[PDB]
Amino acid sequence: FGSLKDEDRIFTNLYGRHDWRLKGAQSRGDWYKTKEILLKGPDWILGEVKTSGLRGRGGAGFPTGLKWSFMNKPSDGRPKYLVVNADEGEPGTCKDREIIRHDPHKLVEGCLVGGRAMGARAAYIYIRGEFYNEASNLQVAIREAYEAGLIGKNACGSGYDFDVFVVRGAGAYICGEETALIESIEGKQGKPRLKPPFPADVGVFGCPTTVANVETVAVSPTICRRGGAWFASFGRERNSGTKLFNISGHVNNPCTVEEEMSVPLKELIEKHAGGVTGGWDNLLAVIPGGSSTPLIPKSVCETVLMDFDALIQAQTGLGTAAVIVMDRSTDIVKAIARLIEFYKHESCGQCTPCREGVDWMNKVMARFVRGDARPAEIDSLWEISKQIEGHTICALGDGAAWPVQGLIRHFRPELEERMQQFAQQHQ
Amino acid sequence: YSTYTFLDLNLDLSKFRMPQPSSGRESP
Amino acid sequence: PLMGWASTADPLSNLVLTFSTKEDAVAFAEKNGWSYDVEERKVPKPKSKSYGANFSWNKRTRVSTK
Amino acid sequence: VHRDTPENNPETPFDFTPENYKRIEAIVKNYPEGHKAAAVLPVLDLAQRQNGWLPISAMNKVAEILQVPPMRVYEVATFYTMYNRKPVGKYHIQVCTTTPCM
Ligand SMILES: Cc1cc2nc3c(=O)[nH]c(=O)nc-3n(C[C@H](O)[C@H](O)[C@H](O)COP(=O)(O)O)c2cc1C
Ligand code: SF4
């Protein structure tokens, strides 16, 4: 990992933000060399990302480099599409929508340059309609370029070019899975399918699709434009790259910054800009993932670098790329229930473990917080959480327990004493 | 900013410039 | 015609013996010497059922709201 | 809230402005043919827009356009959130309350 950073220069993977929002020639960075890329054999791009080997921003492992050079090697009778989440499911994510808001010109390229690797046919994106204003403008961004003849059907210089069809959702979590999105792109109700039909690259719209994420297809052109040998810059021999973090919930100026891997949380939280709560003596009870990781106390987290597998060393890792912390007044038990009260409303409801199994917790979590009937429950409530893992289809269950699974870990007494606080009270 | 009026957004440049589609059939 | 219990003769009327197989089934009708009849065992077709054929390009089997 | 309708506007009636039948030419043009069969997500919502909340005769209408049995619509309008089945106001306001927003 080198020098234990993760610095930020003007040399980064994102071109500009406050400079130019509208269309043009991509005055400096973008749309630079194209006809040379596409005219060379497609699999040249395939595995040429391996110089980086992006883990992927979809909240998981499984480097993006494999799945595209993965099946969808051949082609037979039926077209292939691209479905790239723009959605945000996790509370406090916020990383998305900043990419789109002030610089859309990147991703329409990101597909066209990207889609050629798939050998795909069309391009769908998807956006939660809950963003009405910013999402409305992409069409202009599509038009303001696409109208110039930059895309389709040969554009430019190849015999292969195809346009991008925006769509919208409503009350979606649906980006909560692939093999759901490709279902509610269709117009059924969205109940995500079983994971191994034929996994997500066989059963699809009518025909094989691949579900990418935003900065997985956003940073691909610039990492195939230059690459290197700088493609692997920070992070150890395992995880490599520089992703975006967006700090939220206590800071001086919670705001995004581009930061490379293996950055410790004690300098990163304090920096960009201040630590404005107590940098210490505010107890710094932290959540690595947005909703997908339980607490860490004042322990090795602060020295624990943000590298992925570095977090699997602790009791939980995070792929979500977000930060929420706390200081003093926020009662964690009080502040984790409204993370659970959230889950109960976003779940499909097919499976018997998820449905009727999350409420069993959510109905009891309003006992502990309020303070109420006796311990030895905690010992059970742990087993429930241990009882939903292989039992649910999607990850929302595997992402349902961890907050409670990792609350019972790391804080014993805060509960034990409160059940007394109402016990002595009853007396 | 334009509350209604997705029209030309959908039907102006998109309508003419979304070729072909071939899209096949699927009769079924 | 006092209560409505349905009283009866036909003193067998309730016996079910249980044999293990046909070859040894008829074995006990002859050996005790009364008439009889036979039915046949039934088991299903093989059969062919595959999930994941339920999402189809040109096929006519494509389910919605499952 | 309850998800059954007490026969409010079975015939409201309702219809689309003839300015809107020229866009639905463009929406269906997105998708491939023969699978089209659901554009329902924009098309059902565009109808909310023309009105401002969609009564039960709005749910029955699009079926006549999209030829799907109209329990393959009443379903989709009871899953998502953004659609409002009951009437509403001129401003429908939200307060984000979640762990960070808390
Ligand atoms: C509750 C939930 C919400 C999710 N929200 C998103 C999301 O908003 N955007 C996204 O790309 N993936 C989201 N995912 C995870 C998807 O699996 C992920 O997008 C998909 O695996 C693509 O990964 P990749 O493109 O990085 O390979 C969510 C998962 C869950 C369980
Ligand atoms: S958890 Fe069970 S129910 Fe909730 S979404 Fe994933 S699968 Fe559907």
# chains A, B, ... in the order shown; residues from 1 in each chain; ligands from 1
$ residues_near_ligand --ligand "ligand 2" --cutoff "6 Å" --atoms "only C-alpha atoms and all ligand atoms" --output "PyMOL selection string"
chain A and resi 347-351+354-355+392-397
$ residues_around --residues "stretch 19-26 of chain B" --least-positions-apart "4" --cutoff "9 Å" --atoms "only C-alpha atoms" --output "PDB file with N, CA, C and O atoms, in the first residue's frame"
ATOM      1  N   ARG A  78     -29.593 -14.227 -30.375  1.00  0.00           N
ATOM      2  CA  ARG A  78     -30.465 -13.268 -29.745  1.00  0.00           C
ATOM      3  C   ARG A  78     -29.667 -12.136 -29.150  1.00  0.00           C
ATOM      4  O   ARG A  78     -28.578 -12.350 -28.613  1.00  0.00           O
ATOM      5  N   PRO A  79     -30.179 -10.927 -29.239  1.00  0.00           N
ATOM      6  CA  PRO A  79     -29.357  -9.752 -28.976  1.00  0.00           C
ATOM      7  C   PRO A  79     -28.961  -9.695 -27.512  1.00  0.00           C
ATOM      8  O   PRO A  79     -29.535 -10.365 -26.657  1.00  0.00           O
ATOM      9  N   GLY A 152     -24.287   6.396 -33.121  1.00  0.00           N
ATOM     10  CA  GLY A 152     -25.325   5.711 -33.860  1.00  0.00           C
ATOM     11  C   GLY A 152     -25.425   6.146 -35.301  1.00  0.00           C
ATOM     12  O   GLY A 152     -25.214   7.310 -35.625  1.00  0.00           O
ATOM     13  N   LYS A 153     -25.764   5.203 -36.167  1.00  0.00           N
ATOM     14  CA  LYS A 153     -25.681   3.801 -35.803  1.00  0.00           C
ATOM     15  C   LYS A 153     -24.292   3.289 -36.141  1.00  0.00           C
ATOM     16  O   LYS A 153     -23.908   2.193 -35.744  1.00  0.00           O
ATOM     17  N   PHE A 162     -24.839   2.344 -31.183  1.00  0.00           N
ATOM     18  CA  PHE A 162     -26.231   2.190 -30.787  1.00  0.00           C
ATOM     19  C   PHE A 162     -26.535   3.088 -29.599  1.00  0.00           C
ATOM     20  O   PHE A 162     -25.670   3.345 -28.759  1.00  0.00           O
ATOM     21  N   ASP A 163     -27.784   3.547 -29.532  1.00  0.00           N
ATOM     22  CA  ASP A 163     -28.185   4.608 -28.622  1.00  0.00           C
ATOM     23  C   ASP A 163     -28.612   4.058 -27.266  1.00  0.00           C
ATOM     24  O   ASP A 163     -28.645   2.851 -27.034  1.00  0.00           O
ATOM     25  N   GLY A 206     -35.448 -10.710 -23.112  1.00  0.00           N
ATOM     26  CA  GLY A 206     -35.747 -11.930 -23.820  1.00  0.00           C
ATOM     27  C   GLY A 206     -34.515 -12.798 -23.912  1.00  0.00           C
ATOM     28  O   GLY A 206     -34.575 -13.931 -24.393  1.00  0.00           O
TER      29      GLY A 206
ATOM     30  N   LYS B  15     -37.309  10.170 -31.370  1.00  0.00           N
ATOM     31  CA  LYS B  15     -38.214   9.437 -32.250  1.00  0.00           C
ATOM     32  C   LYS B  15     -37.594   9.140 -33.610  1.00  0.00           C
ATOM     33  O   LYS B  15     -37.664   8.002 -34.084  1.00  0.00           O
TER      34      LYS B  15
ATOM     35  N   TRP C  57     -37.834 -15.855 -25.124  1.00  0.00           N
ATOM     36  CA  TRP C  57     -37.778 -14.885 -26.208  1.00  0.00           C
ATOM     37  C   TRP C  57     -38.939 -15.071 -27.172  1.00  0.00           C
ATOM     38  O   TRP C  57     -39.853 -14.242 -27.227  1.00  0.00           O
ATOM     39  N   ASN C  58     -38.915 -16.146 -27.956  1.00  0.00           N
ATOM     40  CA  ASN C  58     -40.032 -16.490 -28.820  1.00  0.00           C
ATOM     41  C   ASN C  58     -40.934 -17.584 -28.276  1.00  0.00           C
ATOM     42  O   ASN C  58     -41.898 -17.945 -28.953  1.00  0.00           O
ATOM     43  N   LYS C  59     -40.635 -18.160 -27.121  1.00  0.00           N
ATOM     44  CA  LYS C  59     -41.481 -19.253 -26.682  1.00  0.00           C
ATOM     45  C   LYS C  59     -42.823 -18.723 -26.227  1.00  0.00           C
ATOM     46  O   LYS C  59     -42.959 -17.567 -25.822  1.00  0.00           O
TER      47      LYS C  59
ATOM     48  N   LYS D  29     -42.121   2.670 -29.172  1.00  0.00           N
ATOM     49  CA  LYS D  29     -41.005   2.559 -30.095  1.00  0.00           C
ATOM     50  C   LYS D  29     -39.710   2.191 -29.380  1.00  0.00           C
ATOM     51  O   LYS D  29     -38.807   1.633 -30.009  1.00  0.00           O
ATOM     52  N   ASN D  30     -39.600   2.476 -28.082  1.00  0.00           N
ATOM     53  CA  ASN D  30     -38.413   2.056 -27.351  1.00  0.00           C
ATOM     54  C   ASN D  30     -38.213   0.556 -27.482  1.00  0.00           C
ATOM     55  O   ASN D  30     -37.188   0.088 -27.987  1.00  0.00           O
ATOM     56  N   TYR D  31     -39.204  -0.206 -27.075  1.00  0.00           N
ATOM     57  CA  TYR D  31     -39.051  -1.624 -26.834  1.00  0.00           C
ATOM     58  C   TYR D  31     -39.084  -2.433 -28.117  1.00  0.00           C
ATOM     59  O   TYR D  31     -39.469  -1.934 -29.172  1.00  0.00           O
ATOM     60  N   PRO D  32     -38.663  -3.688 -28.050  1.00  0.00           N
ATOM     61  CA  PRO D  32     -38.884  -4.606 -29.164  1.00  0.00           C
ATOM     62  C   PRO D  32     -40.343  -5.018 -29.266  1.00  0.00           C
ATOM     63  O   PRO D  32     -41.144  -4.845 -28.346  1.00  0.00           O
ATOM     64  N   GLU D  33     -40.678  -5.584 -30.418  1.00  0.00           N
ATOM     65  CA  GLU D  33     -42.060  -5.882 -30.752  1.00  0.00           C
ATOM     66  C   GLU D  33     -42.477  -7.254 -30.244  1.00  0.00           C
ATOM     67  O   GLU D  33     -41.685  -8.198 -30.227  1.00  0.00           O
ATOM     68  N   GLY D  34     -43.730  -7.347 -29.815  1.00  0.00           N
ATOM     69  CA  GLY D  34     -44.329  -8.599 -29.401  1.00  0.00           C
ATOM     70  C   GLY D  34     -44.128  -8.865 -27.928  1.00  0.00           C
ATOM     71  O   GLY D  34     -44.940  -9.539 -27.288  1.00  0.00           O
ATOM     72  N   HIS D  35     -43.058  -8.312 -27.373  1.00  0.00           N
ATOM     73  CA  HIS D  35     -42.856  -8.284 -25.930  1.00  0.00           C
ATOM     74  C   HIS D  35     -43.319  -6.966 -25.346  1.00  0.00           C
ATOM     75  O   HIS D  35     -43.229  -6.764 -24.139  1.00  0.00           O
TER      76      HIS D  35
END
$ residues_near_ligand --ligand "ligand 1" --cutoff "6 Å" --atoms "only C-alpha atoms and all ligand atoms" --output "list in words"
residues 56, 57, 58, 59, 64, 85, 87, 88, 89, 90, 175, 176, 177, 178, 211, 212, 213, 395 and 396 of chain A
$ residues_around --residues "stretch 66-74 of chain A" --least-positions-apart "5" --cutoff "7 Å" --atoms "only C-alpha atoms" --output "JSON list (two decimals) with N, CA and C atoms, in the first residue's frame"
[["chain", "number", "residue", "atom", "x", "y", "z"],
["A", 46, "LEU", "N", -11.28, -6.27, -23.66],
["A", 46, "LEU", "CA", -11.44, -7.31, -22.65],
["A", 46, "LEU", "C", -10.09, -7.68, -22.08],
["A", 47, "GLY", "N", -10.02, -7.81, -20.77],
["A", 47, "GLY", "CA", -8.77, -8.15, -20.14],
["A", 47, "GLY", "C", -7.72, -7.07, -20.19],
["A", 118, "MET", "N", -19.00, -5.98, -24.58],
["A", 118, "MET", "CA", -20.10, -6.93, -24.51],
["A", 118, "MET", "C", -20.47, -7.48, -25.88]]
$ interface_residues --of "chain C" --to "chain D" --cutoff "12 Å" --atoms "only C-alpha atoms" --output "PDB file with C-alpha atoms, in the first residue's frame"
ATOM      1  CA  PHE C  55     -38.659 -16.361 -19.319  1.00  0.00           C
ATOM      2  CA  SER C  56     -38.543 -16.783 -23.042  1.00  0.00           C
ATOM      3  CA  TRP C  57     -37.778 -14.885 -26.208  1.00  0.00           C
ATOM      4  CA  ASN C  58     -40.032 -16.490 -28.820  1.00  0.00           C
ATOM      5  CA  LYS C  59     -41.481 -19.253 -26.682  1.00  0.00           C
ATOM      6  CA  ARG C  60     -45.163 -19.180 -25.903  1.00  0.00           C
ATOM      7  CA  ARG C  62     -43.703 -16.968 -20.559  1.00  0.00           C
ATOM      8  CA  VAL C  63     -45.268 -16.345 -17.180  1.00  0.00           C
ATOM      9  CA  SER C  64     -46.211 -13.007 -15.639  1.00  0.00           C
ATOM     10  CA  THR C  65     -47.037 -12.262 -11.983  1.00  0.00           C
ATOM     11  CA  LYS C  66     -45.947 -15.615 -10.656  1.00  0.00           C
TER      12      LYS C  66
END
$ residues_around --residues "residue A:51" --least-positions-apart "6" --cutoff "12 Å" --atoms "only C-alpha atoms" --output "PyMOL selection string"
chain A and resi 45+63+65+220+223-224+226-233+237+239-241
$ write_last_selection --atoms "N, CA and C atoms" --output "mmCIF file, in the first residue's frame"
data_model
loop_
_atom_site.group_PDB
_atom_site.id
_atom_site.type_symbol
_atom_site.label_atom_id
_atom_site.label_comp_id
_atom_site.auth_asym_id
_atom_site.auth_seq_id
_atom_site.Cartn_x
_atom_site.Cartn_y
_atom_site.Cartn_z
ATOM 1 N N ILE A 45 -9.988 -4.834 -25.681
ATOM 2 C CA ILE A 45 -10.476 -4.135 -24.504
ATOM 3 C C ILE A 45 -10.677 -5.120 -23.366
ATOM 4 N N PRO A 63 -14.573 -8.832 -9.276
ATOM 5 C CA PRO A 63 -14.076 -7.741 -10.116
ATOM 6 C C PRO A 63 -14.785 -7.655 -11.451
ATOM 7 N N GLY A 65 -13.736 -6.899 -14.140
ATOM 8 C CA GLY A 65 -12.966 -7.394 -15.255
ATOM 9 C C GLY A 65 -13.364 -8.776 -15.703
ATOM 10 N N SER A 220 -14.287 3.062 -16.837
ATOM 11 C CA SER A 220 -13.673 2.131 -17.777
ATOM 12 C C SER A 220 -13.027 2.824 -18.973
ATOM 13 N N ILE A 223 -9.782 4.419 -17.955
ATOM 14 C CA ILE A 223 -8.812 3.397 -17.589
ATOM 15 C C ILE A 223 -8.407 2.540 -18.772
ATOM 16 N N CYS A 224 -9.184 2.538 -19.846
ATOM 17 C CA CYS A 224 -8.711 2.007 -21.115
ATOM 18 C C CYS A 224 -8.128 3.080 -22.013
ATOM 19 N N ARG A 226 -5.908 5.567 -20.802
ATOM 20 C CA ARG A 226 -4.528 5.562 -20.337
ATOM 21 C C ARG A 226 -4.136 4.221 -19.739
ATOM 22 N N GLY A 227 -4.801 3.803 -18.670
ATOM 23 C CA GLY A 227 -4.441 2.557 -18.032
ATOM 24 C C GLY A 227 -3.111 2.607 -17.318
ATOM 25 N N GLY A 228 -2.188 1.752 -17.739
ATOM 26 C CA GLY A 228 -0.950 1.542 -17.019
ATOM 27 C C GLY A 228 -1.218 0.337 -16.145
ATOM 28 N N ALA A 229 -0.476 0.057 -15.071
ATOM 29 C CA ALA A 229 0.779 0.652 -14.579
ATOM 30 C C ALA A 229 0.635 2.039 -13.952
ATOM 31 N N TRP A 230 -0.400 2.793 -14.302
ATOM 32 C CA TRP A 230 -1.123 3.534 -13.281
ATOM 33 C C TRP A 230 -2.486 2.934 -12.984
ATOM 34 N N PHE A 231 -2.963 1.987 -13.794
ATOM 35 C CA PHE A 231 -4.223 1.332 -13.485
ATOM 36 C C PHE A 231 -4.195 0.751 -12.082
ATOM 37 N N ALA A 232 -3.073 0.164 -11.691
ATOM 38 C CA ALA A 232 -2.825 -0.224 -10.309
ATOM 39 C C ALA A 232 -1.906 0.843 -9.731
ATOM 40 N N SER A 233 -2.464 1.681 -8.866
ATOM 41 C CA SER A 233 -1.700 2.722 -8.200
ATOM 42 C C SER A 233 -1.632 2.478 -6.700
ATOM 43 N N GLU A 237 -1.657 -5.738 -3.341
ATOM 44 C CA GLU A 237 -1.702 -6.589 -4.523
ATOM 45 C C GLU A 237 -3.089 -7.150 -4.795
ATOM 46 N N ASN A 239 -6.701 -5.443 -3.792
ATOM 47 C CA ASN A 239 -7.585 -4.385 -4.244
ATOM 48 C C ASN A 239 -6.764 -3.192 -4.697
ATOM 49 N N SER A 240 -7.140 -2.628 -5.840
ATOM 50 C CA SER A 240 -6.399 -1.518 -6.418
ATOM 51 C C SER A 240 -7.366 -0.549 -7.072
ATOM 52 N N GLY A 241 -7.156 0.721 -6.817
ATOM 53 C CA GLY A 241 -7.882 1.762 -7.497
ATOM 54 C C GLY A 241 -8.083 2.945 -6.582
#
$ residues_around --residues "residue D:48" --least-positions-apart "3" --cutoff "10 Å" --atoms "only C-alpha atoms" --output "NGL selection string"
:D and (42-45 or 51-55 or 58 or 82-85)
$ select_by_dssp --residues "stretch 24-257 of chain A" --states "helix (DSSP H, G or I)" --output "MDAnalysis selection string"
chainID A and resid 35:39 42:44 49:51 64:69 98:102 105:118 133:146 174:176 181:184 214:218 220:225
